[PDB]
Every structure is written in C-alpha cells, then in structure tokens.
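Asks:
Number of protein chains: 4
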Amino acid sequence: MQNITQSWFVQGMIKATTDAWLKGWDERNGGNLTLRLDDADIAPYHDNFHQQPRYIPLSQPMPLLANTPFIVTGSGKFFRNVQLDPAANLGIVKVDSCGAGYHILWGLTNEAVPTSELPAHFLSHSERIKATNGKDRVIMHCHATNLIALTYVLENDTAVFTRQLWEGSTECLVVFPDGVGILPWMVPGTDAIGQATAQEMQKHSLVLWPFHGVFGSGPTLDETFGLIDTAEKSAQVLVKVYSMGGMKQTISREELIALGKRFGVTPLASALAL
Amino acid sequence: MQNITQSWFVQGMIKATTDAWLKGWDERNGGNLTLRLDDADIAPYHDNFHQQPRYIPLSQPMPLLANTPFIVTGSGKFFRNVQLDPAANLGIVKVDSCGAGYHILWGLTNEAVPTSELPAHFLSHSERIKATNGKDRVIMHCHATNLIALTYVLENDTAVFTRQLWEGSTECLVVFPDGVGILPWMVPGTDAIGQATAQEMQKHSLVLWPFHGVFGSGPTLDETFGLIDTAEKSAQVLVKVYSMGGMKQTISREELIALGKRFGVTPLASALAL
Amino acid sequence: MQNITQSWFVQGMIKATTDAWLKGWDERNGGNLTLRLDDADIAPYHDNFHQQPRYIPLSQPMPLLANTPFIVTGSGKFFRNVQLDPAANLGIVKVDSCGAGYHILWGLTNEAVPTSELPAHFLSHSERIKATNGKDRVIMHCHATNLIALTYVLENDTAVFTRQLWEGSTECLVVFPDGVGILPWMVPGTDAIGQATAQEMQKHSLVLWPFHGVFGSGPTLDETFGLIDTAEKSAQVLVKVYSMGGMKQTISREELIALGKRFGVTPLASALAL
Amino acid sequence: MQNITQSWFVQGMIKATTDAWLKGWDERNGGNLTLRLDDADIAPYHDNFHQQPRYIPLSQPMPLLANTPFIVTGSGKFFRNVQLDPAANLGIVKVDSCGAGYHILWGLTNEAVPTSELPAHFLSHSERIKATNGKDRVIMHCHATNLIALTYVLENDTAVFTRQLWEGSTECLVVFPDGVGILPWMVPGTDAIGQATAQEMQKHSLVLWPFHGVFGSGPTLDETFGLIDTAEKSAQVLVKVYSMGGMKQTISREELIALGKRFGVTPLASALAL
Ligand SMILES: O=C(O)[C@H]1O[C@@H]2O[C@H]3[C@H](O)[C@@H](O)[C@@H](O[C@H]4[C@H](O)[C@@H](O)[C@@H](O[C@H]5[C@H](O)[C@@H](O)[C@@H](O[C@H]6[C@H](O)[C@@H](O)[C@@H](O[C@H]7[C@H](O)[C@@H](O)[C@@H](O[C@H]8[C@H](O)[C@@H](O)[C@@H](O[C@H]1[C@H](O)[C@H]2O)O[C@@H]8CO)O[C@@H]7CO)O[C@@H]6C(=O)O)O[C@@H]5CO)O[C@@H]4CO)O[C@@H]3CO
Ligand SMILES: [Zn+2]
Ligand SMILES: [Zn+2]
Ligand SMILES: [Zn+2]
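Protein chains in written order, with the entry's author numbering: chain D, 1 to 274; chain C, 1 to 274; chain B, 1 to 274; chain A, 1 to 274.
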C-alpha cells in the first residue's frame with residue numbers, strides 16, 4: 001500500500017525543508033520544524049509503524065498535549081538531505097495519555113534523537129492552541145540573513161522594529177498587525193529559552209531570536225513559510241536603503257491608520273503611537 | 001481529445017509564473033497577471049467548459065470589454081502552486097455582451113474567485129486598447145525588489161525618475177522611451193487607486209506604486225516579461241552605483257538625443273531637458 | 001540518422017545560453033553567440049540542409065573568412081528560448097568564396113536574421129586568427145552586471161581599469177595577461193563601433209564598453225565562458241569592497257612580477273607601470 | 001555487477017561538487033576534492049580497474065599515508081561537467097608500499113592527472129590524521145566569494161579573524177572553536193605553499209589563503225561542506241552590516257565565555273583575550 005513518505009503530511013515537510021535551504025536560511029543543521037497532526041491522519045498508515053516505540057522522559061509535562069501525534073526534524077540532520085533520505089531525518093512522536101513523556105513511533109533511525117529545540121517547541125505549541133482556539137499547528141525557526149543583520153544595527157525593541165518593518169512594505173501591516181517579538185540574547189539548548197519564547201507567544205506571532213533567527217506560528221505549513229517570507233522580503237528592502245544613504249520619504253502615520261480600517265485589522269497601539 | 005490544459009495559452013502562463021517565482025518578486029500570493037484571448041483560440045475545447053457558469057457582476061460598467069474572453073489567476077493563490085495544479089489556480093472568464101458581468105467557463109474550481117485587484121486590471125486593459133489599437137494584451141504587477149527601494153531615495157517626480165533610469169543602462173531609452181509615471185501612495189484594493197493607475201497608463205507603459213510595486217503592459221506574454229526584467233536590471237545597477245559612494249561620469253544629454261535619433265524613438269521632453 | 005540538432009556543436013550551444021540565463025547577464029534579448037566550424041563537421045548532416053539557401057550580402061569584404069561555416073544566434077530571440085526551439089533561434093551559414101556574402105543553409109526559420117552585431121562579430125574573428133595562428137574560434141558578448149556598474153565610478157582608460165582587475169583575485173593575471181580595452185562611449189549597432197572593437201581585439205582578448213557590456217573570445221566554449229566568468233567574479237569583489245570604505249591593502253607591484261615569472265606570462269607594460 | 005559510477009563514494013563526489021557550482025564558488029577550474037577510502041571500499045570494483053597503472057613519483061616521501069587509496073579530481077577540470085561525466089573528471093589513486101609515488105587505477109582518461117595541488121593535499125592529509133587519530137577523511141578547497149573580500153579589509157590574523165567570525169553567528173564558535181588559519185600571500189602550485197598550509201593544520205581545521213580562497217578538512221563530506229559554509233554565512237552577515245555603517249551590538253565576551261562550557265567546548269584562548 002502507499003508508502004508513508006508519499007502522504008500529504010510528509011510531502012509538506014519535504015517542500016518547506018527544501019525551499020528554505022535554497023534561500024540560504026538553513027546553513028548546516030540550523031532550522032527545525034514541528035507540525036501538529038491529527039489521529040485520523042495516521043490511522044490508515046499503521047502498517048509502517050515500528051514494533052518498539054522508544055520512551056524518552058519529557059522534562060515537564062504538558063497535559064494539553066496528551067495523546068497528540070507530531071512530526072519533527074532529527075537533531076543534527078540536514079534540511080537539503082531530507083529529500084534524499086526522509087526516514088533517517090524525520091520522525092513521528094506521540095505523547096502518552098498522562099503527558100509526562102513521548103513515544104517515538106516512526107523514523108529517527110540509527111538511534112537518532114529528536115531535535116534539541118523540542119522543549120521550546122512543545123511549551124510554545126500549547127500556548128498558541130488556547131490563544132487562537134486551537135488553530136495554530138506549526139512553529140518555525142530558520143537563519144534568515146537579512147533579519148539577523150538588522151539586529152546588529154537597530155535596537156532590539158518591539159516598538160521600534162514593528163514600525164520599521166511596517167514601513168518597508170504595504171502588505172506587512174496586514175500580515176503581522178500583532179507585531180514582532182524580540183528577546184535579549186540567551187544561551188540556547190536549555191529549558192529557560194522555552195519559557196521566554198512560550199511567554200511571548202501570547203501577544204505576538206513572530207518573535208526574533210537575537211543573532212540566531214526567528215520564530216513563527218501558523219495553521220498550515222505553507223502560510224508559516226509565507227509568513228516568515230513576507231517579513232524577510234521587507235527585510236531586504238530595508239537593508240538596501242540604509243546602505244544607500246538613509247530613508248528619505250515613507251508612509252505617514254495617517255496613511256498607516258487608513259490601511260488598518262480598510263482591511264479590518266487593529267494595528268498595535270504601542271508601535272502606532274511612535 | 002487533447003485537454004485544454006495542453007494548449008498553448010495554458011502552458012504559456014505556467015512559464016510566466018514560475019520564472020517570476022525564482023526571481024524573488026512574488027513571495028506569498030502578491031502580484032497578478034492576466035492575458036487576453038480570442039474566441040477562436042478556445043473554440044474546440046468546449047469539453048472542459050463548466051456546465052453551469054457562475055455569474056459575478058462588475059463593480060463598474062466596462063463597455064469596451066463586452067463579449068471578450070480572458071484568462072486570470074485566483075485570489076489568495078500562490079504563483080508557485082500553479083504548475084502543480086493548472087485547473088485549481090487559473091481560470092478563463094468571458095464578459096457578457098453588456099459589460100456588467102462575466103461567466104466562469106473553465107478552471108477556478110472549489111469556489112475560487114479572481115484576484116481582488118480585478119478592477120485595476122480591467123480598467124487598464126480597456127484604456128491600453130485605445131493607445132495601442134489592440135496590440136497590447138497583457139497587464140502585469142509584481143513587487144520588483146530594486147524598484148521598490150528606489151522610491152525611498154529618489155523624488156517621486158516623472159522628470160527626475162525617468163532620467164535616472166535612462167542613465168543606468170544604454171538600452172533603457174529604447175525599451176521604454178515614454179518614461180515611467182509615478183502615483184501618490186494609496187490604500188490598495190479600493191476603486192480610487194484604479195482610476196489613478198489607469199490615468200497614468202495613457203502616457204506611460206510603466207507605472208510605479210510607491211512602496212508597493214510596479215505595473216507594466218506588453219504585446220505578448222514574453223515581451224511584458226522582458227519589459228519588467230529590463231527595468232529591474234537598470235535599477236539594480238543604479239543601486240550598487242549609488243551605494244558605492246556616488247556617480248562621477250555619465251551619458252551626456254548630447255549622447256542621449258543621438259542614441260534616440262538612431263533608433264527612431266522620441267524621448268520625453270520634460271525629463272530630457274533636465 | 002540523428003537530425004542535426006543532435007550534433008556536438010548544437011548541444012554545446014544550448015549549454016552556453018542556458019547557463020548564462022541563470023547567471024543573469026541576458027535579460028530580454030541581450031547577448032550574442034557565434035561559433036566557427038569546419039566543412040568536415042557538417043558533412044554527414046547534408047539531408048537537413050534547406051533547399052533554398054538565402055543569400056545576404058556582407059557590409060564590407062572579408063577575404064580571410066572565405067569558405068568558412070558558422071553557427072549563429074538569430075536576432076530578436078530570447079536566450080531562455082534557445083533550449084526550447086533550436087531551429088527557430090539558431091542556424092548555420094557559410095561565407096562565400098569571395099568574401100562578400102553568406103548563404104543561410106539551415107535554421108533562422110520564418111524570415112529570421114542573424115544578430116545585428118554580426119559586423120562586430122565577423123571583424124573581430126578576422127583580427128584574432130592573425131594574432132593566434134588559427135586557434136580562437138568563439139566570440140561571446142554579455143552584459144556582465146558587476147562590470148557595468150564599474151564604468152560609472154572608474155576612469156575610462158585602458159591602464160587603470162586593467163590594473164584594478166588584476167588585484168581582484170590571483171588567477172585574474174594568469175588568465176588575461178594582456179589586459180582589457182575600454183572604448184569611449186559610442187552608439188551601438190553601427191560599423192563605426194565595430195572597427196574600434198576590432199582594433200582593440202589585436203592586443204587583448206577582453207573588451208569593455210562603458211555603461212553597456214563586455215566582449216570576449218577564446219578557443220572553445222568552455223574556455224570562452226571561463227574567461228568571462230573569471231572576469232566578472234573579480235568585479236564582484238571590488239564593488240562589494242568599494243562600498244565598505246575603499247581598498248586598504250592589496251597586492252604590491254613587485255608581487256605580480258614574481259607571479260608572472262612563475263607561470264611564464266608577460267604582463268602588459270602600460271598597466272604594470274602604474 | 002553494479003557500475004563504479006553508482007558507488008557511494010562516487011555519488012558523494014557528484015553531490016559535493018554540484019552543490020559548489022550552484023553556490024557560485026568554483027568559477028572556471030577552481031576547486032578540488034580528495035577523500036580517503038579503504039581497500040574494502042574498492043574491493044568490489046576490481047573489474048573496472050585499469051590493466052596498466054601508470055606510476056607517477058611523489059615529490060616527497062609520505063610514509064604515514066602508505067597503502068592508503070584516495071579519490072581525486074583532475075587538474076584543469078570544470079566543476080560544472082563533473083556530473084556530466086564523472087569518469088573523465090574524477091580518478092582513483094593508491095600509494096605504493098614505500099610511499100614514494102602513486103598508481104592510477106580508474107578514471108583520469110586521456111592522459112589526465114590529479115589536481116595540481118596534490119602535494120598540498122598529502123602534506124596536510126598526513127598531519128590531520130595525527131592530530132585527530134585518523135578521523136579526518138576529506139580535504140576541500142573552493143573560492144567562496146564573500147570570504148575573500150573580508151581579507152581585503154580586515155587584518156590578516158588568525159585570532160582577529162576568528163574573533164569576528166564568532167560574533168557573526170551563535171553556531172560558529174561551537175563548529176570551529178579551534179579558529180581558522182591565515183597565511184601570507186604566496187605563489188600556488190609549489191611545495192613551499194604545501195609546507196606552510198600543512199604546518200598550520202596542526203592547530204586549526206581551516207586555513208584562509210589571502211585573495212585566493214579557503215582550505216577545508218573534516219571527518220566526512222557532509223560535515224566538510226558545512227564546515228566552511230558556516231563561515232560563509234557569517235561573512236554574508238558581516239558583509240551586510242559593514243556596508244550599513246558598522247556593527248552596533250553583538251555577542252559580548254561575557255556572553256561567549258559561558259556559551260562554550262554549556263556545550264563543554266574548549267575555545268581558542270588567543271581570541272578570547274581580545
Ligand atoms: O589596388 C586595389 O585595391 C585597387 O585599388 C584601387 O581601387 C580603389 C577604387 O578605384 C575606389 O573607387 C575605391 O573602391 C571602392 C568602390 O568604388 C566601391 O564601390 C566599393 O567596392 C565594392 C564593389 O562595388 C563591389 O562590387 C565589391 O567588389 C567586388 C567585385 O565586384 C568583384 O568582382 C571582386 O573584385 C575582383 C576584381 O573583379 C578583380 O579584377 C581583381 O581586382 C583587381 C583589379 O582588377 C585591379 O585593377 C586592382 O584594383 C585596384 C583598382 O584598380 C584601384 O583603382 O587590384 C584588384 C585586386 O587584385 O580582384 C578583385 C577581388 O577578387 O571582388 C570585389 C570585392 O573584393 O568583393 O565589393 C567592393 C567592396 O565593398 O568599395 C571600394 C573600396 O572602398 O577604393 C579602391 C581602393 O583604393
Ligand atoms: Zn501589490
Ligand atoms: Zn549589448
Ligand atoms: Zn584556489
């Protein structure tokens with residue numbers, strides 16, 4: 001019967017991994033993707049399930065994520081190599097009925113462990129479910145060169161950055177009216193990074209990691225890739241003008257106000273007040 | 001019989017979207033593209049025609065487009081996904097004999113609707129017919145990377161912008177001798193922007209939307225592609241030259257008239273005299 | 001028997017135009033390509049030859065190229081379309097035994113004509129056989145993006161321009177030890193500019209045109225592409241470096257002398273004296 | 001029997017070189033790749049071995065690489081065509097019993113020879129085996145674009161350059177804590193450049209040739225490609241911020257000191273002082 005790699009939820013993971021590499025966003029093993037799935041999706045594909053689901057004790061249980069299957073990227077794997085050997089780089093995990101751990105059901109072969117950012121992803125996955133009534137399903141991270149470069153020249157404050165990104169295009173304010181988040185620089189690989197990212201998920205859908213990358217949340221794989229792309233497209237325009245001599249004329253504050261009402265969105269009060 | 005998807009116009013528009021996709025111009029679902037057809041071009045392919053054509057009334061009467069078939073893209077549809085599904089991403093419509101509505105004949109399945117900028121495309125489609133006596137058949141809009149960044153630095157006046165583009169490459173004066181028209185910033189998706197965009201199309205083949213994108217028209221699918229491609233390359237050279245520190249020697253006014261004299265093209269007097 | 005499109009030269013021509021389109025030097029219809037053949041090469045493919053060889057006179061006599069066959073690129077064609085229709089974009093011609101005209105034996109279908117730069121392509125062919133004893137066979141023209149931006153800031157002279165290119169990278173001096181020649185601004189498409197280009201071909205294998213493009217020649221297509229490819233890469237570094245604040249350290253004059261002695265090359269006296 | 005062209009180490013070569021021509025690194029003939037193999041790897045492919053192995057003496061005796069076969073890329077070959085014909089561009093060699101020369105067993109047809117930087121390969125291959133107890137198996141050289149331009153503006157120091165390369169991205173410190181070697185400008189293709197390059201390999205896994213390129217060494221093909229590309233991404237990040245007017249905030253030393261010991265990594269003490 002049809003291979004599990006030929007299903008919709010694996011083909012989608014293939015495209016987002018390949019296309020984010022050609023753009024130059026996924027040097028080495030940077031970049032991790034986690035997508036929440038449903039039970040009916042994996043029901044007909046019990047044939048390819050492994051005989052022994054390994055058990056890994058999860059650090060601190062999330063009760064809301066009990067009995068929830070997932071798809072994850074293998075830690076240390078390469079995004080470009082996903083299209084070659086999907087089985088060795090992608091795996092499916094499921095959390096037990098109590099929520100204290102997860103069982104690896106398929107993939108992650110050769111004793112491969114899930115991604116090292118699994119804490120931050122799962123803690124932030126739960127919050128987005130309640131904030132938008134369970135519509136968010138994807139958390140993304142990548143090394144976007146232009147957004148990273150802008151962190152070295154501009155202050156890492158949400159209010160200042162939000163106005164700049166909105167000023168770099170017209171579609172931008174429609175895309176992230178809630179604004180973009182930013183942390184202070186923090187050492188990754190720990191559980192402290194999971195809390196600050198999940199805490200910022202409440203008010204924002206994009207949060208920028210200083211000197212590492214960005215984090216974006218969205219319902220589908222396609223829109224999540226397009227969501228980070230839109231801000232990255234505006235990032236390229238901003239960097240060009242700054243090196244060209246400086247910004248001269250732009251969108252007025254009155255012009256930005258008219259945009260919000262026409263499309264029926266509410267711009268951030270903090271950013272628009274600037 | 002051979003499917004309509006294997007005809008010349010369906011395959012032709014598949015090329016136009018994919019080529020612009022890799023350029024970095026049409027991320028997410030921005031940009032639009034329409035092409036005018038003939039009754040004879042679609043006569044033998046009535047098999048794929050919808051049994052019941054849905055009816056949608058036009059916002060404002062368009063007498064000049066009565067009983068004319070077009071091919072358009074769908075709203076909220078990415079330019080990447082078209083080659084994966086020609087039927088679910090394109091559509092062919094035929095304006096009624098009165099100029100108030102149109103019927104969807106083929107494509108645009110799953111309650112698909114044409115782009116939200118359809119009034120702007122139909123308004124410019126009609127007015128370019130008067131200027132070119134039916135030669136022009138394509139209207140294209142896309143966010144050219146280097147043209148967007150130029151409006152932040154150069155003044156939004158026809159005389160200044162036209163001369164700078166003529167000096168970034170020798171062939172520019174031959175490709176668009178009429179110059180480029182500049183509009184003031186407006187809220188997209190309304191009807192006010194459609195009337196001003198068509199107003200500049202009477203004397204220009206290239207119209208610039210500040211901070212949003214560019215508009216261009218061409219006789220065929222390939223000529224309109226080169227027109228934007230030629231203008232984009234000129235702006236790319238100007239970006240590096242201006243960013244490198246300044247511009248020291250140039251093509252003089254005496255050389256500009258001599259170049260246009262050989263090829264039989266009349267430059268814009270207001271910008272030439274600058 | 002395999003048709004002429006399966007010959008070794010036709011397959012080679014597709015490789016050159018296809019890769020130049022991905023590099024970004026042939027927007028719209030810029031660039032031309034011509035290749036020199038031998039009467040023994042086209043012997044087995046006499047069946048494909050047209051029954052009506054169209055005769056076109058030469059602008060000026062070229063006695064040296066008597067009875068010489070060439071394969072050229074048609075005028076007004078897109079380099080991206082060459083890989084799709086070799087017959088309508090390419091063709092073969094043979095110069096008559098007197099040196100005043102040629103006969104179109106295949107290709108250039110539907111009243112297509114060779115490139116308008118043929119007077120420049122043929123005049124430079126003659127002056128390179130004398131300076132190379134019948135070794136060079138290929139002439140290429142392209143609008144190198146990084147080279148055009150250089151002519152707006154650098155002094156338009158043969159000495160300093162050649163010297164600057166030598167410092168871009170180590171291999172630049174070895175590939176073209178004779179330097180490049182740069183003309184004053186002239187209107188393209190005229191015989192007055194072909195003679196100046198052919199005059200500079202006597203001393204150099206690389207020719208520069210301010211604000212327009214580049215000219216190059218080589219033994220075969222792979223060696224001709226490498227000559228232009230190496231030249232543009234050196235320009236890419238300079239534009240990137242110049243915008244950073246100008247050059248600070250570079251290769252000394254004596255250091256290039258040591259490099260020249262090792263590889264048995266004679267650097268240009270004018271440039272090395274700078 | 002499966003052809004030699006389908007072997008794992010042959011398919012490794014086709015993947016690594018093709019991924020370098022698409023990144024704009026290997027214009028013309030620049031670049032070469034040598035990978036260490038075992039006798040078991042070449043055992044099943046005895047049928048395709050040449051019956052008359054030509055003997056070529058080595059410049060200097062290499063006892064530490066005795067009886068060790070290698071796969072090499074030919075001299076003067078083009079990285080674009082390797083995928084088109086691996087046999088004519090790739091080759092296999094084996095060191096004799098006394099370590100005085102090598103034999104050609106397969107490939108390198110038509111009097112082809114291994115890359116002219118072969119003495120620079122074996123002098124560094126032998127030393128890297130000692131430092132890492134034989135883990136290293138790949139040597140990579142390529143002309144990265146953004147990397148070269150850094151040498152024209154930054155001081156050519158091992159500690160200073162490594163310090164800057166650490167601040168460009170958070171992953172750079174962990175990937176190469178050992179730093180990157182730097183050398184004075186010297187004439188390639190000589191045994192003197194082989195000694196200096198191999199001499200610095202005792203303390204660093206990467207060496208930078210001013211105005212020329214980079215030298216790579218790692219355990220396998222996949223990591224070796226990502227070993228240099230991590231520095232390439234930091235250079236692209238560095239290049240953009242430099243043209244913006246400088247870098248304003250970054251990772252501080254107090255942030256860097258705690259980063260390594262989180263991963264239990266020993267940083268380069270010389271760069272830590274600055
Ligand atoms: O010494 C010689 O170079 C030659 O020098 C003197 O010639 C000068 C002319 O008097 C002067 O007007 C001018 O010539 C220009 C001419 O007026 C223009 O029209 C044009 O010429 C083109 C010509 O119209 C056109 O048909 C074609 O010419 C070809 C010709 O039709 C064809 O038959 C062949 O010519 C051969 C010729 O038939 C042979 O007899 C022989 O020619 C001898 C010639 O008989 C000798 O007297 C001697 O010519 C003197 C001439 O007498 C002076 O007045 O030497 C010639 C060479 O041995 O060989 C010819 C070659 O096979 O081919 C012709 C061509 O080569 O294709 O094309 C013409 C060019 O476009 O332009 C000319 C030049 O500007 O300048 C002359 C030079 O000072
Ligand atoms: Zn738009
Ligand atoms: Zn040209
Ligand atoms: Zn090199």
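Yeah, the Cβ is synthetic: ideal placement off N, Cα and C, and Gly gets one too.
Going by other Cβ atoms of all chains shown within 10 Å of its Cβ, with 16 needed for buried, is B/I92 buried or exposed?
Replies: With 16 or more other Cβ atoms within 10 Å, it is buried.
Asks: Comparing the CB of D/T18 with every heavy atom of ligand 2, is any distance shorter than 8 Å?
Replies: The answer is no for D/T18.
Asks: Let me check you understand the geometry: is the CB of B/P119 closer than 8 Å to at least one non-hydrogen atom of ligand 3?
Replies: No, since every heavy atom of ligand 3 falls outside the 8 Å radius drawn around the Cβ of B/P119.
Asks: Kindly indicate which residue of B/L84, B/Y55 and B/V214 has the alpha-carbon position closest to the one of B/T151.
Replies: The shortest Cα separation from B/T151 among B/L84, B/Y55 and B/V214 belongs to B/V214.
Asks: Taking only runs that begin and end inside the stretch 151-204 of chain D, name each unbroken beta strand (DSSP E) of 3 or more residues, in chain order.
Replies: Whole beta strand (DSSP E) segments, 3+ residues: 180-182.
Asks: Along the chain, where does the beta strand (DSSP E) that runs through C/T34 open and close?
Replies: Here the beta strand (DSSP E) through C/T34 covers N32 to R36.
Asks: Hey, does C/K240 have any beta-carbon neighbour from chain B nearer than 9 Å?
Replies: Yes, because at least one Cβ of chain B sits closer than 9 Å to the Cβ of C/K240.
Asks: Please report how far the alpha carbon of A/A20 lies from the alpha carbon of C/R253, in whole angstroms.
Replies: Cα-Cα distance, rounded: 45 Å.
Asks: Which residue marks the beginning of the alpha helix (DSSP H) containing B/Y45, and which one marks its end?
Replies: Premise fails: B/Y45 is in no alpha helix (DSSP H) and is neither H nor E.
Asks: Just checking: is the beta-carbon of C/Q249 within a distance shorter than 9 Å of some beta-carbon in chain B?
Replies: Answer yes: the Cβ-Cβ gap between C/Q249 and chain B drops below 9 Å somewhere.
Asks: Ligand 1 heavy atoms versus the CB of B/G194: any closer than 8 Å?
Replies: No, ligand 1 has no heavy atom inside 8 Å of this Cβ.
Asks: For D/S234, is the classification buried or exposed, using 16 other Cβ atoms within 10 angstroms of its Cβ as the cut-off for buried?
Replies: It is buried - the Cβ of D/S234 has at least 16 other Cβ atoms within 10 Å.
Asks: Could you give the first and the last residue of the continuous alpha helix (DSSP H) run that contains A/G246?
Replies: Run containing A/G246: none; DSSP gives neither H nor E here.
Asks: Could you tell me the boundaries of the alpha helix (DSSP H) in which C/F79 lies?
Replies: It is not in any alpha helix (DSSP H) - C/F79 carries neither H nor E in the DSSP assignment.
Asks: Looking at the secondary structure, which residues open and close the beta strand (DSSP E) in which C/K94 lies?
Replies: Segment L90 to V95, the beta strand (DSSP E) holding C/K94.
Asks: B/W106 by DSSP, collapsed to three states: which one?
Replies: Residue state, collapsed to three classes: strand.
Asks: With DSSP as the reference, identify every bridge partner of C/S116, one or two as the case may be.
Replies: Answer by DSSP bridge pairing: none, since C/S116 is not bridged.
Asks: CB-CB under 7 Å to D/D136, same chain, minus the five flanking residues each way: which ones, in chain order?
Replies: Excluding positions up to five away in sequence, the list reads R128, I129, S217, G218 and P219.
Asks: If you measure from the beta carbon of B/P188 to each beta carbon in chain C, is any gap under 9 Å?
Replies: Cβ-Cβ to chain C under 9 Å: yes for B/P188.
Asks: Name the two residues that bound the continuous alpha helix (DSSP H) containing residue 282 of chain B.
Replies: Limits of chain B in this structure are 1 at one end and 274 at the other, which puts residue 282 of chain B out of reach.
Asks: Would the C-beta of A/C142 count as close to ligand 1, meaning under 8 Å from any of its heavy atoms?
Replies: For ligand 1, not one heavy atom lies less than 8 Å from the Cβ of A/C142.
Asks: Within the continuous alpha helix (DSSP H) that includes B/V241, where are the two ends?
Replies: That run of the alpha helix (DSSP H) goes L221 to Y242.
Asks: So is B/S243 buried or exposed if we call it buried at 16+ other beta carbons inside 10 Å?
Replies: Counting Cβ neighbours within 10 Å, B/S243 comes out buried, since at least 16 surround it.
Asks: Ordered along the chain, which non-local residues of its own chain (more than five positions away) have a Cβ less than 8 Å from that of D/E200?
Replies: Correct list, in chain order: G181, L183 and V207.
Asks: Based on the DSSP secondary-structure assignment, which residues constitute the bridge partners of D/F70?
Replies: D/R36, per the DSSP bridge assignment.
Asks: If you measure from each residue's Cβ to the nearest non-hydrogen atom of ligand 2, which ones come out under 5 Å, in chain order?
Replies: Every residue passing the under-5 Å Cβ criterion appears here: C/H212 and C/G213.
Asks: Using the DSSP secondary-structure output, state which residues sit across from B/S217 in a beta bridge.
Replies: Partner(s): B/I139.
Asks: Use the C-beta contact count for C/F176: other C-beta atoms within 10 angstroms, 16 or more gives buried, fewer gives exposed.
Replies: So C/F176 counts as buried.
Asks: Hey, C/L105 and C/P69: beta-carbon distance below 9 Å or not?
Replies: Going by C-beta atoms, C/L105 is nearer than 9 Å to C/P69.
Asks: Determine the chain C residues that contact B/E167 at a beta-carbon separation under 9 Å, and present them in chain order.
Replies: Within chain C, no residue comes near B/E167; the closest Cβ sits about 17 Å away, beyond 9 Å.
Asks: Tell me which residue opens and which closes the beta strand (DSSP E) that C/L274 is part of.
Replies: Element bounds for C/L274: n/a, residue is neither H nor E.
Asks: If you measure from each residue's Cβ to the nearest non-hydrogen atom of ligand 1, which ones come out under 7 Å, in chain order?
Replies: This selection yields B/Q60, B/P61, B/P63, B/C98, B/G99 and B/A100.
Asks: Of all the options C/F79, C/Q11, C/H103 and C/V241, which has the alpha carbon lying nearest to the alpha carbon of C/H141?
Replies: If we check each option's Cα against that of C/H141, C/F79 comes out closest.
Asks: Mind checking the stretch 252-263 of chain A against chain D and listing, in chain order, the residues whose C-beta falls within less than 8 Å of any C-beta there?
Replies: Hits within the stretch, in order: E255, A258, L259, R262 and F263.
Asks: Answer yes if the stretch 25-40 of chain A comes into contact with the stretch 259-268 of chain B, meaning at least three C-beta pairs across the two stretches below 8 Å, and no otherwise.
Replies: No: fewer than three Cβ pairs fall under 8 Å.
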